[PDB]
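Notes follow the structure.
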Amino acid sequence: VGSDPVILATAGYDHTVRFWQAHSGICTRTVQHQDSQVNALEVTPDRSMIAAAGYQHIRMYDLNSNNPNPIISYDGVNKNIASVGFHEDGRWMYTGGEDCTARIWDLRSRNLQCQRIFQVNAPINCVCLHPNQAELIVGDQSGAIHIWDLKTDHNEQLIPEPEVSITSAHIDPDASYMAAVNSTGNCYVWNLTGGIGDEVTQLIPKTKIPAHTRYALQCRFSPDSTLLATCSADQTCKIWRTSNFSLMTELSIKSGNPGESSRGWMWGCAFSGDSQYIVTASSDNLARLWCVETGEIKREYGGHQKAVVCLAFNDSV
Amino acid sequence: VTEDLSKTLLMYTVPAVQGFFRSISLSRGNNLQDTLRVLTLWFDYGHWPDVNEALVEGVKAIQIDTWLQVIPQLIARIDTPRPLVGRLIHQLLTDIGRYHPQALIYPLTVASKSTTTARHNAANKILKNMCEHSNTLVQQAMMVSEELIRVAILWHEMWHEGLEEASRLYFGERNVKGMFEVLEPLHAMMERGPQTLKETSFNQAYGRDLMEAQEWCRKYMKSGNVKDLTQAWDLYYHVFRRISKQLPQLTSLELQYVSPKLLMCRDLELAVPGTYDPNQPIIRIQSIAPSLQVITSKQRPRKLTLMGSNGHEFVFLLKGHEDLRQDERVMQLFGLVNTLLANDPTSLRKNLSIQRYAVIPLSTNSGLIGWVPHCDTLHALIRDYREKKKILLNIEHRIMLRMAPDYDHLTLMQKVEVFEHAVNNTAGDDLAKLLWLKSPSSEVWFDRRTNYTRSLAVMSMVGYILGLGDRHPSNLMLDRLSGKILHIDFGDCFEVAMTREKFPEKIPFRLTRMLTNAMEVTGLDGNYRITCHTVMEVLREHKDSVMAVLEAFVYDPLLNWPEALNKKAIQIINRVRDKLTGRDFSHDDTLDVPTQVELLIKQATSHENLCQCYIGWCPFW
Amino acid sequence: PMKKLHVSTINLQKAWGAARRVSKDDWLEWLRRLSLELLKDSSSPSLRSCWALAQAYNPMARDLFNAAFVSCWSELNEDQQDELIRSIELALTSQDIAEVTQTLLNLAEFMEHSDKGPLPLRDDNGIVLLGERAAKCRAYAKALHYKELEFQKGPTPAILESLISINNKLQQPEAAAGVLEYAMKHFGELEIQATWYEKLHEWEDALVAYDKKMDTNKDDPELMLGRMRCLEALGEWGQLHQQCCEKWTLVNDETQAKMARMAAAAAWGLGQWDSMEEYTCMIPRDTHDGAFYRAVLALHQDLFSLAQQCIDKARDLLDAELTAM
Amino acid sequence: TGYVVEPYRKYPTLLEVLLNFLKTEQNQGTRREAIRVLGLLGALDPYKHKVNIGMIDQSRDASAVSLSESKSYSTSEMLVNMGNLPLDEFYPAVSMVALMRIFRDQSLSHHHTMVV
Ligand SMILES: Nc1ncnc2c1ncn2[C@@H]1O[C@H](COP(=O)(O)OP(=O)(O)NP(=O)(O)O)[C@@H](O)[C@H]1O
Ligand SMILES: [Mg+2]
Ligand SMILES: [Mg+2]
């Protein structure tokens, strides 16, 4: 599956993980993920290994071989694991769980247990890391975004809205803007600080974006730091412009008939390096690839028997 | 400073006691509030002399029967360290027994079997004082209490429970000493020997195996080798399998097999449990039925029956594994709330009284529950409705399983996906249509639905203050005549279910969509919300009486099932104070009743809170 | 058992012969004959055995009217059922008698409970028809039930009007408040009319709204009636009597009949008994209100005999309403 | 005597009997006298009427010591209690209910022939 420079992976409740190519439109292979569902997917930066985070275990999947089983099934976390994240070299993999623990484990070794642990009062929603790989934004269920220092373990915590569940967070590669998204349908964007190791890493909030009137789930910056995509529970994803946070782009799957409502949420998004094609997952069994400029159905990845949740996307020249 | 404080307290307390006693004498029936206030003043300042003489004079002057309202609280402080307070408590209890032994024997019987030394010997002393003039009634109550405790849990029952617990301990906790501690009472009752036909049959069937296991245990702690332990486990497993296969066959117990003494006694002078009332003739235990129906639930209660001296059957549900003292005190608090709602004319007109039953604990593990007639559990009601309509009982649950067969294994928002899919694709109007169908006429339907909504609001707010959890549909019941809601199990009061590790409850009360649809079609913004506001105002204004009733939990080990115990109890009461005053949600802020009720309705209706509920709670319902 | 019996269809729809039934005696006789013929043509032998006793004892026929209709109805085919529905609709629509309407609404709710299902009385199972019939029949719990069925089928501001009205005429100001909150949440765009406050028992606000709407439209009937109702409820007898004197000279006689009740009440409150004599003339003599107010006038003039038979007539007229309610 | 309102409380069935007269009898004079008695006794508060007949009881509801209950029809009520079983068994049930309603009543002895 690692032959093509362009690769994406998909997973959900069907106890399987599927892989797709940009211009194929047909699943390459389906690999079983029995015994549990799946919450997150991520392809390592080196494009040699995929982490699938589900319930009480994180599974590792090869990218160059031909239809193997899971190769390393890490276990130990007593409850649901919610997020994944890798270093640029891929040795250290970050993660957050529903058991009030945000952890960092090893990948290039045979260690069978965690390497670093961090406590937080509430379960950890999706976690993300600063591009320089020296700071962690951890999103808890209590709404308190945690700034965690990798070189001093300093745990700053900012709650921009009391008693709400922040659902996801993402920081652009340029380390200029960072976005967080919660169940209130709001996108909170803060300016970064141009620090390296000065321990400052100050975050300066900006104007609030009423992204949705419904539970907003996944917010992600583009690799070019030009556009942001926020997909929510109202079957709507909005692609805001980083320049002014305006919007002329709607991503909806509403049938339009009141008798066909509750079709399914959009559960995630993934930009491309060029950032003109965006792939998102939709709990109506299906993943959709659109183009931001026109917002039309470029491809639909049929094959999932049950609903889809999480996606990963890696591309190369 | 301290001396002036004491002087001010005494000069503002002694007039308080005098006035309260005068008001109680002038009330004659509507005096639960005043009696509780007197008890609070007596407990907090009775040891002070002048307060002591004032209380003595008031007690001597005041009618005795009034104190029947507050028998538990008195016994909850029977072991007060202060000399004068304890002396007056004992004298008052002795008087209450002298004139009204029927009301006070059962709580005293419960207190006698207390592990605490002070409570134990005080209860023994008061029972001796009772005996001094009513030896017959005292021993009769003791005998019937012991026999009903015996019938509550058969030797089968406690042996099965102990074997189950040992299996968890040895394999789960690897606690062999814990196993020995758990088993020691079982060996103790073996040494006690059989005393009924069922006990003798169980002896002849399994006692030899049990003694052989005891012998390998003797070998174990005489040598210290797990080989003897495993030899014991062999017969433990065999007897456990035998008893487990036998248990479902005990669908109905005949008394002569399990308790011939109940059959021997007839035309008793003891009052039927939970029916004594000094203003009416005493209904007495004429006989006991020759067969007890048994429910197939996990705890296995017994549908016991009495034939009263008035010829009317009195049905009870006899529990053996639950602490019924909590249920009794919750019934007392419900009685206080009923008094409060009747006192206010606005709430009095609306019939906001909480339906309640009689709870008679017999020990720290067993008791009797009044079997309320013409009532159906919400689970049973919905089951009957869906069987009748050919709708499938678990339709929402299997819709969730179809969307996610591992529904329990998802993250929060994925669980919200599944839960909202199940809710939005199912009508959820079972209770509305069922209230309509179970009503003779639209007049009766409207009356029943008004009562249902108002009682649901009353119990929602009271349970929230009470922290009453585990409100699953089987724990709610509906009247076939009045329509009021009845809450029957109170084993998870004070947010106990909201802190347990496994499937913690994230809602204050049950307000699922099925209930809200049975309300006015316009929703819960009307009758329900307004009744909640009314009840919260009534409770917040009279929070002193609620705290007075709840002090019984402060000075008892009831919530344990020891300064840690006191710390936990005061923490729970602080939480209840926060709920009543309004500082529950944010300690730094106080909320008016509309705001608090809106927040609580949002919490009880939120899908994030509802989806996390354990599946058998039927949050989708 | 004895099996079923053939429901003679001809005589069955013949028993529903409301074509030439006009007077109250006619309609009571129609109800009696229908309740007897249902038993006579009942399919179940158990009911038909009671027909002979019902004939000589009508209350038996009244007791089994619902069951007798169920037995007769379950045998008819689609076309015969449709004819029966048409005749039932005609019976409900024809004349508003408390006894006959009460019996028919009781039958409707009985069929609603029965496994046969609600009577397909119209496209809406007679929900609208039965609701309005219950409303004007003084039986407001049935009216509430059918109005809530209307609401479930779809909420409209008119359904909210009627639902507030019914709930407050059931003495449920809290339910009416709930309906108001539903309106404000889901219909905040529309401007809440004066009739809402009138039915919410918000008499002061209702009067304010009626005044604010009347200044733009002089001499409007419905506005006048609502303003008078608000004034009577508020106890403003002086203003009510001033309004009555001002507008009595131009009101239509049909609407003057509606004027008369509140006019007489206000005049009594003040004490212009000649004005009461003038107003009570318009109140019909066949209504309890008319007889009672005529008795009041007679007593003020000290015609004790006249007031006595007026009170007797008032009781006789109130007998039907009291029996129905 | 002015013994008003109290008769409802001391005779809870009085109001029910007076109202039931309006349903049963047809003579206009008797009905007018029934209405006269109803008015003379007073228009009882519906809540007070419920209290008199016991549908609402604050003596037991507000009592601190709860008390156990002392036990373990119209055509519509008959259907409600009979809706579980078919109509074929409902017809004889309601027929017998009405027949017994007449038959226990001795004042209708002249119908007891046909009833049997
Ligand atoms: N007070 C009561 N009045 C009438 N029926 C009752 C009463 N208490 C219990 N029941 C009925 O008996 C059933 C079993 O009793 P219950 O109290 O549910 O025992 P359990 O299931 O062992 N308790 P828990 O595990 O705490 O839910 C109930 O579901 C009701 O049907
Ligand atoms: Mg149970
Ligand atoms: Mg229970």
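Please note that chains go A, B, ... in the order of the structure tokens, that every chain numbers its residues from 1, and that ligands are numbered from 1 in the order shown.
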
- Message: When you look at residue 103 (chain D) with a cut-off of 8 Å (counting only C-alpha atoms), what residues show up, excluding the ones that are within fewer than 5 positions of it in the same chain? I need them as a PyMOL selection string.
- Response: chain D and resi 108-109+111-112+115

Would you write out, as JSON lines, a table of all residues in chain D that have an atom no more than 12 Å from an atom of ligand 1, listing for each the closest atom pair and the distance in Å to one decimal, considering only C-alpha atoms and all ligand atoms and ordering rows by chain and rising residue number?
{"residue": "D:66", "atom": "CA", "partner": "ligand 1", "partner_atom_place_in_ligand_line": "1 (N)", "distance": 11.9}
{"residue": "D:68", "atom": "CA", "partner": "ligand 1", "partner_atom_place_in_ligand_line": "1 (N)", "distance": 10.1}
{"residue": "D:69", "atom": "CA", "partner": "ligand 1", "partner_atom_place_in_ligand_line": "3 (N)", "distance": 10.7}
{"residue": "D:72", "atom": "CA", "partner": "ligand 1", "partner_atom_place_in_ligand_line": "4 (C)", "distance": 10.1}

Can you work out which residues from chain B touch chain C at a cut-off of 9 Å (counting only C-alpha atoms) and hand them back as a short mmCIF file (atom, residue, chain, number, x, y, z; two decimals) with N, CA and C atoms, in the first residue's frame?
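The resulting file, part28.cif, is reproduced below:
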data_model
loop_
_atom_site.label_atom_id
_atom_site.label_comp_id
_atom_site.auth_asym_id
_atom_site.auth_seq_id
_atom_site.Cartn_x
_atom_site.Cartn_y
_atom_site.Cartn_z
N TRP B 436 -52.74 7.17 28.19
CA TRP B 436 -54.04 7.38 27.55
C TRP B 436 -54.84 6.08 27.52
N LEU B 437 -54.19 4.97 27.20
CA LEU B 437 -54.92 3.71 27.02
C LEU B 437 -55.36 3.12 28.35
N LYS B 438 -54.64 3.41 29.43
CA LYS B 438 -54.95 2.87 30.74
C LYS B 438 -55.92 3.75 31.52
N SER B 439 -56.63 4.65 30.85
CA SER B 439 -57.51 5.60 31.49
C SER B 439 -58.95 5.36 31.06
N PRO B 440 -59.91 5.24 31.99
CA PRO B 440 -61.30 5.01 31.56
C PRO B 440 -61.85 6.11 30.67
N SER B 441 -61.49 7.36 30.92
CA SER B 441 -62.09 8.48 30.22
C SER B 441 -61.11 9.64 30.18
N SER B 442 -61.37 10.58 29.28
CA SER B 442 -60.47 11.72 29.12
C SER B 442 -60.37 12.54 30.40
N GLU B 443 -61.44 12.61 31.19
CA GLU B 443 -61.34 13.25 32.50
C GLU B 443 -60.32 12.54 33.37
N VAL B 444 -60.45 11.22 33.49
CA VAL B 444 -59.51 10.46 34.30
C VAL B 444 -58.12 10.51 33.69
N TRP B 445 -58.03 10.51 32.36
CA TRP B 445 -56.72 10.61 31.73
C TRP B 445 -56.04 11.92 32.09
N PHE B 446 -56.77 13.03 32.00
CA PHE B 446 -56.17 14.32 32.31
C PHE B 446 -55.79 14.40 33.78
N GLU B 520 -47.36 17.26 29.26
CA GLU B 520 -48.10 18.07 28.30
C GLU B 520 -47.39 18.07 26.96
N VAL B 521 -48.17 18.06 25.88
CA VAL B 521 -47.58 18.02 24.54
C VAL B 521 -46.65 19.20 24.31
N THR B 522 -46.93 20.33 24.97
CA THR B 522 -46.03 21.47 24.87
C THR B 522 -44.70 21.23 25.56
N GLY B 523 -44.58 20.16 26.34
CA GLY B 523 -43.33 19.75 26.92
C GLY B 523 -43.27 19.98 28.41
N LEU B 524 -42.05 19.99 28.93
CA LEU B 524 -41.80 20.14 30.35
C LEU B 524 -41.63 21.60 30.77
N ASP B 525 -41.83 22.55 29.86
CA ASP B 525 -41.70 23.95 30.21
C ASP B 525 -42.86 24.46 31.06
N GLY B 526 -43.93 23.69 31.19
CA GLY B 526 -45.12 24.15 31.88
C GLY B 526 -45.32 23.51 33.23
N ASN B 527 -46.17 22.49 33.26
CA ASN B 527 -46.50 21.82 34.51
C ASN B 527 -45.25 21.35 35.23
N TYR B 528 -44.35 20.69 34.51
CA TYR B 528 -43.16 20.13 35.14
C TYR B 528 -42.24 21.22 35.66
N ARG B 529 -41.89 22.20 34.82
CA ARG B 529 -40.95 23.22 35.25
C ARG B 529 -41.53 24.07 36.37
N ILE B 530 -42.81 24.43 36.27
CA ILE B 530 -43.42 25.25 37.31
C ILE B 530 -43.52 24.48 38.61
N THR B 531 -43.88 23.20 38.54
CA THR B 531 -43.94 22.39 39.75
C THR B 531 -42.55 22.22 40.36
#

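Residues in contact range of residue 280 (chain A), defined as at most 7 Å between only C-alpha atoms, with sequence neighbours fewer than 2 positions away removed, read residues 266, 268, 269, 270, 278, 282, 287, 288 and 289 of chain A.
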
Got a sec to pull out which chain C residues are within 8 Å of chain D, counting only C-alpha atoms, and send them as an mmCIF file with N, CA, C and O atoms, in the first residue's frame?
data_model
loop_
_atom_site.group_PDB
_atom_site.id
_atom_site.type_symbol
_atom_site.label_atom_id
_atom_site.label_comp_id
_atom_site.auth_asym_id
_atom_site.auth_seq_id
_atom_site.Cartn_x
_atom_site.Cartn_y
_atom_site.Cartn_z
ATOM 1 N N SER C 44 -72.827 -10.094 18.860
ATOM 2 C CA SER C 44 -72.567 -10.999 19.970
ATOM 3 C C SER C 44 -73.882 -11.430 20.610
ATOM 4 O O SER C 44 -74.686 -10.573 20.982
ATOM 5 N N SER C 46 -74.313 -12.397 23.537
ATOM 6 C CA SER C 46 -74.340 -11.911 24.911
ATOM 7 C C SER C 46 -75.006 -10.547 24.998
ATOM 8 O O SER C 46 -75.811 -10.300 25.901
ATOM 9 N N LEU C 47 -74.684 -9.645 24.069
ATOM 10 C CA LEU C 47 -75.316 -8.330 24.072
ATOM 11 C C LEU C 47 -76.763 -8.415 23.618
ATOM 12 O O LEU C 47 -77.647 -7.803 24.225
ATOM 13 N N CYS C 50 -79.348 -8.963 26.097
ATOM 14 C CA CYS C 50 -79.721 -7.835 26.934
ATOM 15 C C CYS C 50 -80.694 -6.886 26.254
ATOM 16 O O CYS C 50 -81.128 -5.927 26.892
ATOM 17 N N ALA C 52 -83.870 -7.256 25.206
ATOM 18 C CA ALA C 52 -85.223 -7.260 25.749
ATOM 19 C C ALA C 52 -85.284 -6.484 27.054
ATOM 20 O O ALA C 52 -86.219 -5.711 27.284
ATOM 21 N N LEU C 53 -84.290 -6.675 27.919
ATOM 22 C CA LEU C 53 -84.255 -5.948 29.181
ATOM 23 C C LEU C 53 -83.946 -4.475 28.958
ATOM 24 O O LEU C 53 -84.459 -3.613 29.680
ATOM 25 N N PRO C 59 -81.750 2.791 30.883
ATOM 26 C CA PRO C 59 -80.377 2.940 31.387
ATOM 27 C C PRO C 59 -79.478 1.770 31.045
ATOM 28 O O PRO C 59 -78.263 1.953 30.904
ATOM 29 N N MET C 60 -80.033 0.567 30.904
ATOM 30 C CA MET C 60 -79.235 -0.544 30.403
ATOM 31 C C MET C 60 -78.755 -0.257 28.990
ATOM 32 O O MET C 60 -77.590 -0.503 28.659
ATOM 33 N N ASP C 63 -75.952 2.054 29.156
ATOM 34 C CA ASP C 63 -74.722 1.465 29.675
ATOM 35 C C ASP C 63 -73.936 0.753 28.582
ATOM 36 O O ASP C 63 -72.711 0.894 28.500
ATOM 37 N N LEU C 64 -74.618 -0.013 27.730
ATOM 38 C CA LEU C 64 -73.961 -0.825 26.714
ATOM 39 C C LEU C 64 -73.952 -0.168 25.343
ATOM 40 O O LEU C 64 -73.752 -0.859 24.341
ATOM 41 N N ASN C 66 -71.719 1.856 24.066
ATOM 42 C CA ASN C 66 -70.377 1.764 23.504
ATOM 43 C C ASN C 66 -70.067 0.340 23.061
ATOM 44 O O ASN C 66 -69.624 0.111 21.929
ATOM 45 N N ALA C 67 -70.298 -0.633 23.943
ATOM 46 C CA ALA C 67 -70.027 -2.023 23.598
ATOM 47 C C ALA C 67 -70.929 -2.492 22.467
ATOM 48 O O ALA C 67 -70.491 -3.236 21.581
ATOM 49 N N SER C 71 -69.700 -3.944 18.865
ATOM 50 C CA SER C 71 -70.115 -5.231 18.319
ATOM 51 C C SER C 71 -70.726 -5.075 16.935
ATOM 52 O O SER C 71 -70.478 -5.894 16.044
ATOM 53 N N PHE C 110 -64.157 5.760 23.375
ATOM 54 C CA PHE C 110 -64.180 4.315 23.560
ATOM 55 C C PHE C 110 -63.556 3.608 22.368
ATOM 56 O O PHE C 110 -62.716 2.716 22.527
ATOM 57 N N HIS C 113 -59.881 3.866 22.502
ATOM 58 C CA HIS C 113 -59.230 2.890 23.371
ATOM 59 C C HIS C 113 -59.225 1.500 22.750
ATOM 60 O O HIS C 113 -58.248 0.757 22.890
ATOM 61 N N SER C 114 -60.300 1.130 22.061
ATOM 62 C CA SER C 114 -60.460 -0.240 21.598
ATOM 63 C C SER C 114 -59.390 -0.605 20.577
ATOM 64 O O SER C 114 -58.841 0.252 19.882
ATOM 65 N N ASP C 115 -59.099 -1.904 20.494
ATOM 66 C CA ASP C 115 -58.121 -2.391 19.528
ATOM 67 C C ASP C 115 -58.555 -2.139 18.091
ATOM 68 O O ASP C 115 -57.704 -2.101 17.197
ATOM 69 N N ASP C 312 -87.169 28.717 39.232
ATOM 70 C CA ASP C 312 -87.513 27.351 38.854
ATOM 71 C C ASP C 312 -87.128 27.072 37.406
ATOM 72 O O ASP C 312 -86.577 26.010 37.095
ATOM 73 N N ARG C 315 -83.359 26.693 37.203
ATOM 74 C CA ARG C 315 -82.956 25.354 37.617
ATOM 75 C C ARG C 315 -83.267 24.328 36.537
ATOM 76 O O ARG C 315 -82.455 23.439 36.261
ATOM 77 N N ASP C 316 -84.444 24.427 35.919
ATOM 78 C CA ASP C 316 -84.811 23.470 34.882
ATOM 79 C C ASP C 316 -83.841 23.535 33.710
ATOM 80 O O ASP C 316 -83.455 22.502 33.152
ATOM 81 N N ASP C 319 -80.465 22.120 34.622
ATOM 82 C CA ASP C 319 -80.450 20.680 34.847
ATOM 83 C C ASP C 319 -79.677 19.955 33.756
ATOM 84 O O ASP C 319 -78.887 19.052 34.046
ATOM 85 N N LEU C 322 -75.894 20.657 34.114
ATOM 86 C CA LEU C 322 -75.371 19.989 35.297
ATOM 87 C C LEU C 322 -75.280 18.486 35.085
ATOM 88 O O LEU C 322 -74.296 17.857 35.482
ATOM 89 N N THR C 323 -76.300 17.888 34.471
ATOM 90 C CA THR C 323 -76.262 16.454 34.217
ATOM 91 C C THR C 323 -75.127 16.100 33.271
ATOM 92 O O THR C 323 -74.442 15.088 33.460
#

With the cut-off set at 10 Å and counting only C-alpha atoms, tabulate each residue of chain A with an atom at most that distance from an atom of chain B, showing the nearest atom pair and its distance in Å to one decimal, ordered by chain and increasing number, as a Markdown table.
| residue | atom | partner | partner_atom | distance |
| --- | --- | --- | --- | --- |
| A:12 | CA | B:404 | CA | 9.7 |
| A:13 | CA | B:404 | CA | 6.3 |
| A:14 | CA | B:404 | CA | 8.4 |
| A:15 | CA | B:406 | CA | 9.8 |
| A:35 | CA | B:406 | CA | 8.8 |
| A:36 | CA | B:406 | CA | 6.9 |
| A:37 | CA | B:410 | CA | 7.1 |
| A:38 | CA | B:410 | CA | 8.2 |
| A:39 | CA | B:411 | CA | 7.4 |
| A:54 | CA | B:410 | CA | 8.3 |
| A:55 | CA | B:409 | CA | 6.5 |
| A:56 | CA | B:409 | CA | 9.2 |
| A:79 | CA | B:409 | CA | 8.8 |
| A:80 | CA | B:411 | CA | 6.8 |
| A:81 | CA | B:411 | CA | 8.4 |
| A:82 | CA | B:411 | CA | 7.3 |
| A:97 | CA | B:411 | CA | 9.6 |
| A:98 | CA | B:411 | CA | 7.7 |
| A:123 | CA | B:412 | CA | 9.8 |
| A:125 | CA | B:411 | CA | 9.1 |
| A:141 | CA | B:412 | CA | 9.6 |
| A:165 | CA | B:608 | CA | 9.7 |
| A:167 | CA | B:413 | CA | 8.6 |
| A:183 | CA | B:413 | CA | 8.9 |
| A:215 | CA | B:413 | CA | 8.7 |
| A:216 | CA | B:413 | CA | 9.9 |
| A:217 | CA | B:413 | CA | 8.2 |
| A:233 | CA | B:417 | CA | 8.4 |
| A:261 | CA | B:424 | CA | 8.9 |
| A:262 | CA | B:421 | CA | 6.9 |
| A:263 | CA | B:421 | CA | 8.8 |
| A:264 | CA | B:417 | CA | 8.1 |
| A:265 | CA | B:417 | CA | 7.7 |
| A:267 | CA | B:414 | CA | 9.0 |
| A:283 | CA | B:417 | CA | 8.4 |
| A:284 | CA | B:403 | CA | 9.8 |
| A:285 | CA | B:403 | CA | 9.8 |
| A:306 | CA | B:403 | CA | 7.0 |
| A:307 | CA | B:403 | CA | 7.2 |
| A:309 | CA | B:414 | CA | 8.3 |

- Compute the set of protein, DNA and RNA residues whose minimum atom distance to ligand 3 is at most 8 Å, using only C-alpha atoms and all ligand atoms, and state it as a list in words.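 Answer in the requested format: residues 474, 475, 488 and 489 of chain B.
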
- List all protein, DNA and RNA residues that have any atom at most 10 Å from ligand 2, counting only C-alpha atoms and all ligand atoms, and write the list as a ChimeraX atom specification. /B:295-301,377,379,472-475,488-489

Put those residues in a file: C-alpha atoms, as a compact mmCIF listing (two decimals), in the first residue's frame.
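Saved to again.txt:
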# COMPACT_ATOMS: atom_id res chain seq x y z
CA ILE B 295 -39.22 -12.73 42.98
CA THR B 296 -36.49 -13.96 40.65
CA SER B 297 -34.37 -10.81 41.00
CA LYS B 298 -30.71 -10.81 41.99
CA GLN B 299 -31.40 -9.98 45.64
CA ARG B 300 -34.39 -12.36 45.77
CA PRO B 301 -36.94 -10.65 48.04
CA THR B 377 -43.08 -0.44 37.25
CA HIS B 379 -40.24 -1.09 32.87
CA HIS B 472 -33.75 3.04 36.22
CA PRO B 473 -37.23 2.25 34.87
CA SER B 474 -37.65 -0.76 37.15
CA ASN B 475 -37.08 1.61 40.08
CA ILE B 488 -39.18 2.43 45.33
CA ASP B 489 -35.43 1.76 45.73

- Which distance in Å separates CA of residue 41 (chain C) and CA of residue 7 (chain C), to one decimal?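 Interatomic distance, CA of residue 41 (chain C) to CA of residue 7 (chain C): 5.0 Å.
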
- Message: Could you list, as an NGL selection string, every residue within 10 Å of region 273-284 of chain C, counting only C-alpha atoms and ignoring same-chain residues fewer than 5 positions away?
- Response: :C and (241 or 244-245 or 248 or 253-268 or 289-294 or 296-298 or 300-301)

- Shell of 12 Å around residue 82 (chain B), only C-alpha atoms, local chain residues under 2 positions omitted, as JSON, numbers by chain: {"B": [42, 43, 44, 45, 46, 47, 48, 49, 52, 77, 78, 79, 80, 84, 85, 86, 87, 88, 89]}

- Item | chain D contacts on chain B, only C-alpha atoms, 9 Å, as an MDAnalysis selection string | chainID B and resid 29:30 32 68:70 103 272:277 305 308 312:316 331:342 349:351 353:359 370:374 388 437:441 482
